[PDB]
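To start, the structure itself, in structure tokens.
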Amino acid sequence: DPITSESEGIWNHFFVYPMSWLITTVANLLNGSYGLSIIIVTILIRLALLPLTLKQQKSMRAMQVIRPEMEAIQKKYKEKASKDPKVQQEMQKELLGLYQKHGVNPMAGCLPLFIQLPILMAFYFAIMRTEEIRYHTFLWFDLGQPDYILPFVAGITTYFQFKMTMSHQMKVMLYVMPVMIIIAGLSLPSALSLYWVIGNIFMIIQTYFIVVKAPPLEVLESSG
Ligand SMILES: [Cu+2]
Ligand SMILES: [Cu+2]
């Protein structure tokens with residue numbers, strides 16, 4: 001009550017207001033087209049996050065490099081009776097030390113989640129607060145009303161997105177998350193699905209044209 005309303009100002013001024021501003025600005029430039037506005041603004045955000053994404057894909061690919069060391073340390077503890085919290089903690093400590101020495105962050109895998117969630121919520125809030133969108137229609141769907149086709153499209157492109165990024169826990173992201181996206185998409189305004197679809201397509205095209213190269217082992221072992 002005293003400071004929970006103080007966070008309202010932070011959430012509005014720093015997240016919702018700018019997000020809501022981007023949508024309305026582009027839409028008014030394109031003659032009230034909020035459909036094309038959502039598309040362009042989404043691409044704009046994905047463009048600003050492009051260098052950030054590259055740094056993350058580099059970290060993921062760096063983890064693949066030290067996999068022989070991850071395999072070896074696992075073997076050392078595999079033959080021993082594990083599963084117990086005492087032996088499990090020992091493995092975690094030895095595993096973490098491998099990441100530290102080679103300058104690799106295992107938190108890189110769930111890092112995009114920390115960045116997407118605020119943007120997703122900001123987009124959703126900006127859409128709902130903007131009253132002049134619920135009557136706008138794009139293609140075959142209403143921007144303020146749920147759709148029965150778009151959520152399925154969003155689930156396929158989400159699947160394909162993860163499909164390309166995963167080079168030669170894994171099962172959850174590509175087989176559980178896409179169906180969970182579709183379910184959520186059906187119970188949410190079509191604006192989010194469209195927003196999600198474009199987001200996926202951007203990532204798919206990016207991964208196709210821009211491939212991150214794996215850092216040499218020499219680079220990792222020479223970490224400060
Ligand atoms: Cu208020
Ligand atoms: Cu204020």
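Just so we're on the same page: first chain in the structure tokens is A, next is B, and so on; residues restart at 1 for each chain, and ligands are numbered from 1 in the order they show up.
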Given only C-alpha atoms and all ligand atoms, how would the per-residue table for chain A near ligand 2 read, listing every residue at most 12 Å away with its closest atom pair and distance in Å to one decimal, sorted by chain and number, as a tab-separated table?
```
residue	atom	partner	partner_atom_place_in_ligand_line	distance
A:5	CA	ligand 2	1 (Cu)	10.8
A:6	CA	ligand 2	1 (Cu)	9.4
A:7	CA	ligand 2	1 (Cu)	10.7
A:8	CA	ligand 2	1 (Cu)	8.8
A:9	CA	ligand 2	1 (Cu)	5.6
A:10	CA	ligand 2	1 (Cu)	8.4
A:11	CA	ligand 2	1 (Cu)	10.3
A:12	CA	ligand 2	1 (Cu)	8.0
A:13	CA	ligand 2	1 (Cu)	6.9
A:14	CA	ligand 2	1 (Cu)	10.3
A:17	CA	ligand 2	1 (Cu)	10.3
```
Backbone-only DSSP, strand (DSSP E or B) members of range 76-148 of chain A, as a ChimeraX atom specification: /A:137-138,141-142
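Between CA of residue 164 in chain A and CA of residue 220 in chain A lies a distance of 25.1 Å.
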Range 36-50 of chain A: which residues within 12 Å, counting only C-alpha atoms, same-chain residues fewer than 4 positions away excluded, as a short mmCIF file (atom, residue, chain, number, x, y, z; two decimals) with C-alpha atoms, in the first residue's frame?
```cif
data_model
loop_
_atom_site.label_atom_id
_atom_site.label_comp_id
_atom_site.auth_asym_id
_atom_site.auth_seq_id
_atom_site.Cartn_x
_atom_site.Cartn_y
_atom_site.Cartn_z
CA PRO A 18 7.43 3.68 -23.41
CA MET A 19 6.02 0.45 -24.87
CA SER A 20 2.59 2.04 -25.29
CA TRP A 21 4.26 5.07 -26.88
CA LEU A 22 6.14 3.01 -29.48
CA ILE A 23 2.97 1.23 -30.60
CA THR A 24 0.83 4.37 -30.92
CA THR A 25 3.60 6.40 -32.58
CA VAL A 26 4.29 3.87 -35.35
CA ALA A 27 0.58 3.16 -35.79
CA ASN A 28 -0.21 6.84 -36.31
CA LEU A 29 2.64 7.11 -38.81
CA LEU A 30 1.15 4.16 -40.70
CA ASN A 31 -2.39 5.59 -40.64
CA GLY A 32 -3.81 3.93 -37.53
CA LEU A 54 24.80 -13.06 -29.83
CA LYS A 55 26.67 -12.86 -26.52
CA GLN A 56 24.28 -15.45 -25.09
CA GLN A 57 24.58 -17.83 -28.04
CA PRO A 112 16.67 -14.69 -22.00
CA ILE A 115 14.79 -10.30 -20.34
CA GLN A 116 11.71 -11.49 -22.25
CA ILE A 119 8.99 -7.04 -22.32
CA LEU A 120 6.15 -9.55 -22.63
CA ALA A 122 5.01 -4.50 -20.85
CA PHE A 123 3.62 -5.35 -24.28
CA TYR A 124 0.52 -7.00 -22.80
CA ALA A 126 0.40 -1.51 -23.26
CA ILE A 127 -2.04 -3.41 -25.48
CA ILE A 133 -6.91 -1.35 -30.42
CA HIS A 136 -8.90 -2.81 -34.86
CA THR A 137 -8.71 -5.94 -37.02
CA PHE A 138 -5.59 -7.33 -38.70
CA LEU A 139 -5.87 -9.87 -41.54
CA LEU A 143 -6.10 -7.37 -32.20
CA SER A 190 -4.27 -12.04 -30.68
CA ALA A 191 -1.86 -9.11 -30.37
CA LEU A 192 0.46 -11.22 -28.22
CA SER A 193 0.42 -14.17 -30.62
CA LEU A 194 1.23 -11.88 -33.54
CA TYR A 195 3.93 -10.32 -31.35
CA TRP A 196 5.19 -13.82 -30.56
CA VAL A 197 5.12 -15.02 -34.18
CA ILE A 198 7.18 -12.08 -35.44
CA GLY A 199 9.56 -12.59 -32.53
CA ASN A 200 10.12 -16.20 -33.58
CA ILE A 201 10.51 -15.37 -37.29
CA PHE A 202 13.11 -12.74 -36.41
CA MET A 203 15.10 -15.29 -34.41
CA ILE A 204 14.79 -17.92 -37.16
CA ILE A 205 16.11 -15.57 -39.85
CA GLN A 206 18.86 -14.35 -37.52
CA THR A 207 20.07 -17.85 -36.66
CA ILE A 210 24.17 -15.11 -38.33
#
```
Atom pair CA of residue 66 in chain A / CA of residue 176 in chain A: separation (Å): 27.7 Å
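The smallest atom-to-atom distance between residue 216 in chain A and any of A:53, A:33, A:161, A:64, using only C-alpha atoms, is found for A:64.
Comparing the minimum interatomic distances between residue 145 in chain A and each of A:128, A:87, A:95, A:214, counting only C-alpha atoms, we find that A:128 sits nearest.
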With the cut-off set at 9 Å and counting only C-alpha atoms, tabulate each residue of range 123-162 of chain A with an atom at most that distance from an atom of range 177-188 of chain A, showing the nearest atom pair and its distance in Å to one decimal, ordered by chain and increasing number, as a tab-separated table.
```
residue	atom	partner	partner_atom	distance
A:144	CA	A:188	CA	8.7
A:145	CA	A:188	CA	7.5
A:146	CA	A:188	CA	5.6
A:147	CA	A:186	CA	6.2
A:148	CA	A:186	CA	6.3
A:149	CA	A:186	CA	8.7
A:150	CA	A:185	CA	7.8
A:151	CA	A:182	CA	4.7
A:152	CA	A:182	CA	5.4
A:153	CA	A:182	CA	8.1
A:154	CA	A:182	CA	6.7
A:155	CA	A:178	CA	4.6
A:156	CA	A:178	CA	6.8
A:157	CA	A:178	CA	8.5
A:158	CA	A:178	CA	5.9
A:159	CA	A:178	CA	5.6
```
Any chance you can output those residues with N, CA and C atoms as a PDB file, in the first residue's frame?
```
ATOM      1  N   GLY A 144      -7.600  -7.156 -30.294  1.00  0.00           N
ATOM      2  CA  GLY A 144      -7.948  -7.138 -28.884  1.00  0.00           C
ATOM      3  C   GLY A 144      -8.699  -8.374 -28.432  1.00  0.00           C
ATOM      4  N   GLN A 145      -8.988  -9.265 -29.373  1.00  0.00           N
ATOM      5  CA  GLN A 145      -9.758 -10.467 -29.078  1.00  0.00           C
ATOM      6  C   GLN A 145      -8.980 -11.727 -29.448  1.00  0.00           C
ATOM      7  N   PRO A 146      -9.168 -12.807 -28.673  1.00  0.00           N
ATOM      8  CA  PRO A 146      -8.481 -14.081 -28.919  1.00  0.00           C
ATOM      9  C   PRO A 146      -8.763 -14.648 -30.308  1.00  0.00           C
ATOM     10  N   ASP A 147      -7.850 -15.476 -30.806  1.00  0.00           N
ATOM     11  CA  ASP A 147      -8.006 -16.099 -32.115  1.00  0.00           C
ATOM     12  C   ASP A 147      -7.767 -17.602 -31.999  1.00  0.00           C
ATOM     13  N   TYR A 148      -8.252 -18.362 -32.974  1.00  0.00           N
ATOM     14  CA  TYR A 148      -8.136 -19.815 -32.936  1.00  0.00           C
ATOM     15  C   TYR A 148      -7.070 -20.340 -33.894  1.00  0.00           C
ATOM     16  N   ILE A 149      -6.513 -19.456 -34.713  1.00  0.00           N
ATOM     17  CA  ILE A 149      -5.507 -19.859 -35.691  1.00  0.00           C
ATOM     18  C   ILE A 149      -4.112 -19.366 -35.311  1.00  0.00           C
ATOM     19  N   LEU A 150      -4.009 -18.081 -34.986  1.00  0.00           N
ATOM     20  CA  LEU A 150      -2.732 -17.468 -34.618  1.00  0.00           C
ATOM     21  C   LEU A 150      -1.967 -18.176 -33.486  1.00  0.00           C
ATOM     22  N   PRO A 151      -2.659 -18.593 -32.402  1.00  0.00           N
ATOM     23  CA  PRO A 151      -1.903 -19.283 -31.346  1.00  0.00           C
ATOM     24  C   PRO A 151      -1.211 -20.557 -31.827  1.00  0.00           C
ATOM     25  N   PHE A 152      -1.831 -21.267 -32.764  1.00  0.00           N
ATOM     26  CA  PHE A 152      -1.226 -22.471 -33.318  1.00  0.00           C
ATOM     27  C   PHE A 152      -0.012 -22.124 -34.171  1.00  0.00           C
ATOM     28  N   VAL A 153      -0.111 -21.031 -34.920  1.00  0.00           N
ATOM     29  CA  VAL A 153       1.000 -20.562 -35.738  1.00  0.00           C
ATOM     30  C   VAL A 153       2.178 -20.170 -34.848  1.00  0.00           C
ATOM     31  N   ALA A 154       1.870 -19.526 -33.728  1.00  0.00           N
ATOM     32  CA  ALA A 154       2.887 -19.108 -32.769  1.00  0.00           C
ATOM     33  C   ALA A 154       3.601 -20.307 -32.151  1.00  0.00           C
ATOM     34  N   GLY A 155       2.868 -21.399 -31.958  1.00  0.00           N
ATOM     35  CA  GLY A 155       3.435 -22.599 -31.371  1.00  0.00           C
ATOM     36  C   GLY A 155       4.366 -23.343 -32.310  1.00  0.00           C
ATOM     37  N   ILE A 156       4.062 -23.292 -33.604  1.00  0.00           N
ATOM     38  CA  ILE A 156       4.900 -23.936 -34.610  1.00  0.00           C
ATOM     39  C   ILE A 156       6.215 -23.179 -34.783  1.00  0.00           C
ATOM     40  N   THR A 157       6.129 -21.859 -34.918  1.00  0.00           N
ATOM     41  CA  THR A 157       7.319 -21.035 -35.107  1.00  0.00           C
ATOM     42  C   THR A 157       8.206 -21.040 -33.864  1.00  0.00           C
ATOM     43  N   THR A 158       7.585 -21.156 -32.694  1.00  0.00           N
ATOM     44  CA  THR A 158       8.326 -21.281 -31.443  1.00  0.00           C
ATOM     45  C   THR A 158       9.109 -22.588 -31.435  1.00  0.00           C
ATOM     46  N   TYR A 159       8.465 -23.646 -31.917  1.00  0.00           N
ATOM     47  CA  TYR A 159       9.095 -24.955 -32.037  1.00  0.00           C
ATOM     48  C   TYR A 159      10.277 -24.914 -32.999  1.00  0.00           C
TER      49      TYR A 159
END
```
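For the pair CA of residue 67 in chain A and CA of residue 92 in chain A, the interatomic distance is 15.1 Å.
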Which of chain A fall in helix (DSSP H, G or I), as a ChimeraX atom specification: /A:6-29,34-48,50-65,67-78,85-101,106-109,111-129,131-133,150-165,170-175,177-186,190-209,217-221
Nearest candidate to ligand 1 (options A:99, A:110, A:129, A:212; using only C-alpha atoms and all ligand atoms): A:129
8 Å contact set for residue 222 in chain A, only C-alpha atoms, chain neighbours under 3 positions out, as a ChimeraX atom specification: /A:102,218-219
